[PDB]
Amino acid sequence: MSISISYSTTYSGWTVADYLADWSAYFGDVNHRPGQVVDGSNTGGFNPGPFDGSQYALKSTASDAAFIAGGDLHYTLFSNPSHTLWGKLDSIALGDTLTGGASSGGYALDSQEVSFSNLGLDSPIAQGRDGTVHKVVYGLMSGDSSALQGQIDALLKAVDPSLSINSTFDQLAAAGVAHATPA
């Protein structure tokens, strides 16, 4: 199945690039970097976890923004290749106010703004930190949505070359890719 997008009507007239660049800035950078990793402050969590799951979720330390990565995901911690997120990335949900977790029937967003599903990304452990799944998610953690933008652009172009991250959500809805949700 092709990429499927869900968007709050708030973003009807925004391009996908407009939304993602502004979201990266609103979420900011959690500084999950050497000498700055703080368990429970800038690490996020897996469901079921601790280092594997169908979801990885992280709250901003700048705002109430949060994201949920969905698929079949694995983090290597100190194991070779160290600090690699790999596996299948099927979806990215962006918005505000993370709720739930493993004990609560899964992570959710109280204010889901935009979701991208059927991403079809599959990065093997052998690629380590060079894998697309790692670059997409570590980008979101660190205030840089360029890797996600590039993958969405390629998926949209493959549906029809008139579609791109410079398409508005309303243009993608007219093309049958995207679906409006309430504001």
# chains A, B, ... in the order shown; residues from 1 in each chain; ligands from 1
>>> select_by_dssp(residues="range 15-172 of chain A", states="alpha helix (DSSP H)", output="MDAnalysis selection string")
chainID A and resid 16:27 132:141 146:159 169:172
>>> residues_around(residues="residue 173 in chain A", least_positions_apart="3", cutoff="10 Å", atoms="only C-alpha atoms", output="ChimeraX atom specification")
/A:4-7,12,168-170,176-180
>>> write_last_selection(atoms="C-alpha atoms", output="PDB file, in the first residue's frame")
ATOM      1  CA  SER A   4      -1.131   7.496   3.532  1.00  0.00           C
ATOM      2  CA  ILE A   5      -1.236  10.874   5.337  1.00  0.00           C
ATOM      3  CA  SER A   6      -3.683  12.082   8.040  1.00  0.00           C
ATOM      4  CA  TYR A   7      -3.726  15.849   8.829  1.00  0.00           C
ATOM      5  CA  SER A  12      -4.967  22.170   4.925  1.00  0.00           C
ATOM      6  CA  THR A 168      -0.236  21.221   0.330  1.00  0.00           C
ATOM      7  CA  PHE A 169      -2.116  18.692   2.498  1.00  0.00           C
ATOM      8  CA  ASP A 170      -5.291  19.728   0.583  1.00  0.00           C
ATOM      9  CA  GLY A 176      -6.194  10.466  -2.675  1.00  0.00           C
ATOM     10  CA  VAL A 177      -2.959  10.232  -0.541  1.00  0.00           C
ATOM     11  CA  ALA A 178      -4.099  12.388   2.411  1.00  0.00           C
ATOM     12  CA  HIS A 179      -7.151  12.516   4.724  1.00  0.00           C
ATOM     13  CA  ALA A 180      -8.304  15.504   6.873  1.00  0.00           C
TER      14      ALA A 180
END
>>> atom_distance(atom1="CA of residue 52 in chain A", atom2="CA of residue 73 in chain A")
5.6 Å
>>> atom_distance(atom1="CA of residue 85 in chain A", atom2="CA of residue 134 in chain A")
4.8 Å
>>> closest_residue(among="A:159, A:61, A:55, A:132", to="residue 146 in chain A", atoms="only C-alpha atoms")
A:132
>>> closest_residue(among="A:89, A:141, A:155, A:16", to="residue 122 in chain A", atoms="only C-alpha atoms")
A:89
>>> closest_atom_pairs(of="range 22-84 of chain A", to="range 100-107 of chain A", cutoff="12 Å", atoms="only C-alpha atoms", output="Markdown table")
| residue | atom | partner | partner_atom | distance |
| --- | --- | --- | --- | --- |
| A:44 | CA | A:101 | CA | 10.4 |
| A:45 | CA | A:101 | CA | 8.0 |
| A:46 | CA | A:102 | CA | 7.6 |
| A:47 | CA | A:102 | CA | 4.7 |
| A:48 | CA | A:102 | CA | 5.0 |
| A:49 | CA | A:102 | CA | 7.5 |
| A:50 | CA | A:102 | CA | 9.6 |
| A:52 | CA | A:102 | CA | 11.4 |
| A:53 | CA | A:102 | CA | 9.4 |
| A:54 | CA | A:106 | CA | 9.1 |
| A:55 | CA | A:107 | CA | 7.4 |
| A:56 | CA | A:107 | CA | 8.4 |
| A:57 | CA | A:107 | CA | 7.0 |
| A:58 | CA | A:107 | CA | 9.8 |
| A:59 | CA | A:107 | CA | 11.2 |
| A:66 | CA | A:107 | CA | 10.4 |
| A:67 | CA | A:107 | CA | 9.5 |
| A:68 | CA | A:107 | CA | 7.3 |
| A:69 | CA | A:107 | CA | 9.8 |
| A:70 | CA | A:107 | CA | 9.9 |
>>> write_last_selection(atoms="N, CA and C atoms", output="PDB file, in the first residue's frame")
ATOM      1  N   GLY A  44      13.219   9.190  25.784  1.00  0.00           N
ATOM      2  CA  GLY A  44      12.013   8.584  25.221  1.00  0.00           C
ATOM      3  C   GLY A  44      11.872   7.145  25.674  1.00  0.00           C
ATOM      4  N   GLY A  45      11.049   6.390  24.977  1.00  0.00           N
ATOM      5  CA  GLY A  45      10.794   5.006  25.384  1.00  0.00           C
ATOM      6  C   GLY A  45      10.155   4.185  24.292  1.00  0.00           C
ATOM      7  N   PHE A  46      10.371   2.882  24.422  1.00  0.00           N
ATOM      8  CA  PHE A  46       9.784   1.862  23.551  1.00  0.00           C
ATOM      9  C   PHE A  46       8.563   1.221  24.200  1.00  0.00           C
ATOM     10  N   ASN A  47       7.649   0.794  23.345  1.00  0.00           N
ATOM     11  CA  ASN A  47       6.501  -0.060  23.714  1.00  0.00           C
ATOM     12  C   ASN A  47       6.613  -1.327  22.877  1.00  0.00           C
ATOM     13  N   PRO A  48       6.751  -2.544  23.440  1.00  0.00           N
ATOM     14  CA  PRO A  48       6.867  -2.796  24.882  1.00  0.00           C
ATOM     15  C   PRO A  48       8.151  -2.396  25.612  1.00  0.00           C
ATOM     16  N   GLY A  49       9.245  -2.261  24.869  1.00  0.00           N
ATOM     17  CA  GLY A  49      10.556  -1.941  25.448  1.00  0.00           C
ATOM     18  C   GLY A  49      11.196  -3.140  26.134  1.00  0.00           C
ATOM     19  N   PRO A  50      12.357  -2.921  26.778  1.00  0.00           N
ATOM     20  CA  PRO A  50      12.975  -1.596  26.867  1.00  0.00           C
ATOM     21  C   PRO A  50      13.697  -1.029  25.643  1.00  0.00           C
ATOM     22  N   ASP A  52      13.252  -2.443  22.287  1.00  0.00           N
ATOM     23  CA  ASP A  52      12.598  -2.963  21.080  1.00  0.00           C
ATOM     24  C   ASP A  52      11.121  -2.702  21.207  1.00  0.00           C
ATOM     25  N   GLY A  53      10.458  -2.529  20.076  1.00  0.00           N
ATOM     26  CA  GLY A  53       9.002  -2.470  20.154  1.00  0.00           C
ATOM     27  C   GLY A  53       8.328  -2.083  18.864  1.00  0.00           C
ATOM     28  N   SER A  54       7.009  -2.040  18.948  1.00  0.00           N
ATOM     29  CA  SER A  54       6.147  -1.573  17.843  1.00  0.00           C
ATOM     30  C   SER A  54       6.082  -0.046  17.830  1.00  0.00           C
ATOM     31  N   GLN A  55       6.447   0.605  18.930  1.00  0.00           N
ATOM     32  CA  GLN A  55       6.469   2.080  19.003  1.00  0.00           C
ATOM     33  C   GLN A  55       7.731   2.536  19.729  1.00  0.00           C
ATOM     34  N   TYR A  56       8.272   3.659  19.274  1.00  0.00           N
ATOM     35  CA  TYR A  56       9.248   4.480  20.015  1.00  0.00           C
ATOM     36  C   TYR A  56       8.638   5.880  20.084  1.00  0.00           C
ATOM     37  N   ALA A  57       8.590   6.476  21.267  1.00  0.00           N
ATOM     38  CA  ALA A  57       7.977   7.799  21.467  1.00  0.00           C
ATOM     39  C   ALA A  57       8.921   8.687  22.263  1.00  0.00           C
ATOM     40  N   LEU A  58       8.856   9.981  21.967  1.00  0.00           N
ATOM     41  CA  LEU A  58       9.700  10.981  22.651  1.00  0.00           C
ATOM     42  C   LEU A  58       8.951  12.301  22.730  1.00  0.00           C
ATOM     43  N   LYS A  59       8.995  12.894  23.914  1.00  0.00           N
ATOM     44  CA  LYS A  59       8.508  14.251  24.223  1.00  0.00           C
ATOM     45  C   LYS A  59       9.633  15.259  24.015  1.00  0.00           C
ATOM     46  N   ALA A  66       5.519  16.123  20.622  1.00  0.00           N
ATOM     47  CA  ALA A  66       5.978  14.734  20.787  1.00  0.00           C
ATOM     48  C   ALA A  66       5.824  14.022  19.454  1.00  0.00           C
ATOM     49  N   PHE A  67       6.561  12.935  19.272  1.00  0.00           N
ATOM     50  CA  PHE A  67       6.361  12.059  18.106  1.00  0.00           C
ATOM     51  C   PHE A  67       6.314  10.603  18.533  1.00  0.00           C
ATOM     52  N   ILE A  68       5.679   9.814  17.681  1.00  0.00           N
ATOM     53  CA  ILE A  68       5.609   8.346  17.836  1.00  0.00           C
ATOM     54  C   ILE A  68       6.035   7.714  16.518  1.00  0.00           C
ATOM     55  N   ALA A  69       7.107   6.924  16.576  1.00  0.00           N
ATOM     56  CA  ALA A  69       7.584   6.094  15.458  1.00  0.00           C
ATOM     57  C   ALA A  69       6.997   4.693  15.615  1.00  0.00           C
ATOM     58  N   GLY A  70       6.375   4.177  14.561  1.00  0.00           N
ATOM     59  CA  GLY A  70       5.720   2.871  14.604  1.00  0.00           C
ATOM     60  C   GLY A  70       6.325   1.911  13.610  1.00  0.00           C
TER      61      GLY A  70
END
>>> closest_residue(among="A:82, A:142, A:15, A:123", to="residue 60 in chain A", atoms="only C-alpha atoms")
A:142
